[PDB]
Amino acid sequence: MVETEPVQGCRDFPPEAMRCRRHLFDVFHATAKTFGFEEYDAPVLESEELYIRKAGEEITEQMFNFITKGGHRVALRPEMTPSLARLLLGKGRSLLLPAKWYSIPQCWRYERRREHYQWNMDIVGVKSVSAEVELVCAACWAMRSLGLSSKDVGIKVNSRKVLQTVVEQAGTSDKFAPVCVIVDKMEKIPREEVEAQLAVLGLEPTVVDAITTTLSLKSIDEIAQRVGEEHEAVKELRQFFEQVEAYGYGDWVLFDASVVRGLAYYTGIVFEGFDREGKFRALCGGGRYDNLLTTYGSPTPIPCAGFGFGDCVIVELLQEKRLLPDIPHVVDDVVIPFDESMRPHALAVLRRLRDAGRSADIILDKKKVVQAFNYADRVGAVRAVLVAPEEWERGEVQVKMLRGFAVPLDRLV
């Protein structure tokens, strides 16, 4: 016998599971269309150097990578943003801006799940916080579309520019991205573990204190005290909250100075979806990354912002809230030939039903009417169309609503 289980850390999607996945993706697609985003895709296989950012990120540490027979360093993508940037950089100035691009790539890791799907939404060429507003609104929209409300979830919001200043004032920008990465672990691991990693980086106790203090500031007015009420970060966050309020999602968003995210390239606003019961990891996460494309070699800086919204946590949350009823398969009609002699006519009928835009099966193998009705019920047919000899000569079939009257063929549809 052959191994029936999938490769380590990977999921099979038989029909029942695939319907659940579809329910989720329909929402991501529908939301992207509602917000004017355009679909794109790129190869799951990318060059390894595309991710070599040298900042101690988990996403680069846990790369599912290998070498081709031709000796090329490749990887199954751990995230999409680098593919996006590559695509953007290749377009250059033929690319018209602003651009709003989205996708639902499978992404991979190696260390426990080794793949996940991640809805990516990104706005490109928009300097202002209106991009982040739109992005954050898209994510709430998606969650509400799935049945969640502001009671169930929210979106925490911060700016890395705050911490940028404190790192600048205590020194060298080259170390900022590495620090954000370490400081991201603060919620997870003890302060002792994070302090030591920051000290290992070569930062002194003075700057570490200031970092700690600023992560634990509770309101935007407190950030104004420490940084100034016209630090670009303050005006931006106020603009952001004002705009989200005006769109009607003020109950969904809030400030949190502890939110930095684990990715090196964020420069401005960052955000995280969360459940309001404290039970699950981040539902999504994102932010502004204005320098990435400059780092990839762009002559002109390209402002960007976006998020990723995984397919795991959201599903667990929806299951907990009882918002993932299994929805069984459906089909409009099941055509039932009275017997094999009636098959040709049954096919003709099947053609008519399908030509009208209906979803229709025909009983394929040899079986009794009563077996076929049960079969019809099992596949979730709305209607069973029995094709029998007597009715056929009257130009009719027998129709029976499952959720048996004689009907003229033209009336079936």
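Heads up: residue numbers just count along the shown sequence, starting at 1. In this text, the rigid core denotes the largest set of C-alpha atoms whose superposition between the two forms falls within 1.5 Å.
Peer 1: Consider 70-78 and 83-91 separately and indicate which one has Cα atoms farther, on average, from the shown form in 9 other deposited structures of this protein after rigid core alignment.
Peer 2: The more displaced stretch in 9 other deposited structures of this protein turns out to be 70-78.
Peer 1: Would you class the number of unmodelled deposited residues between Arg403 and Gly404 as none, 1 to 3, 4 to 9, or 10 or more?
Peer 2: The entry has a long gap there, with 10 or more residues left out between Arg403 and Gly404.
Peer 1: Just how many deposited residues go unmodelled from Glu111 to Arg112: none, 1 to 3, 4 to 9, or 10 or more?
Peer 2: Unresolved stretch here: 4 to 9 residues.
Peer 1: Quick one: higher average CA temperature factor, 261-269 or 197-205?
Peer 2: Mean B over CA atoms: larger for 197-205.
Peer 1: Give the stretch, out of 4-12 and 404-412, with the larger mean C-alpha temperature factor in the deposited entry.
Peer 2: Taking the mean B-factor of the alpha carbons in each, 404-412 is higher.
Peer 1: I'd like to know which of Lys127, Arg343, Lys100, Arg73 has the highest C-alpha temperature factor in the PDB entry.
Peer 2: Top of the list by C-alpha B-factor: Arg73.
Peer 1: Hey, out of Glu236, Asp275, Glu79, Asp221, whose CA B-factor is highest in the deposited coordinates?
Peer 2: Comparing C-alpha B-factors across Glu236, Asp275, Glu79, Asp221, the maximum falls on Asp221.
Peer 1: Where does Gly357 sit by CA temperature factor within its chain: lowest, middle or highest third?
Peer 2: Its C-alpha B-factor, which the entry lists for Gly357, ranks in the lowest third among residues of this chain.
Peer 1: Could you look up the Cα B-factor of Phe28 in the entry and say which third of the chain it sits in: lowest, middle or highest?
Peer 2: For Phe28, the deposited C-alpha B-factor lands in the lowest third.
Peer 1: Sort the modelled residues of this chain by their C-alpha B factor and say whether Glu58 lands in the lowest, middle or highest third.
Peer 2: According to the entry, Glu58 has a C-alpha B-factor in the chain's highest third.
Peer 1: State the tercile, meaning the lowest, middle or highest third, of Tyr249 with respect to the CA B-factors recorded for its chain.
Peer 2: Middle third - that is where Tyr249 ends up once the chain's C-alpha B-factors are sorted.
Peer 1: Using only modelled residues of the chain, where does the Cα B factor of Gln243 rank: lowest third, middle third or highest third?
Peer 2: Middle third.
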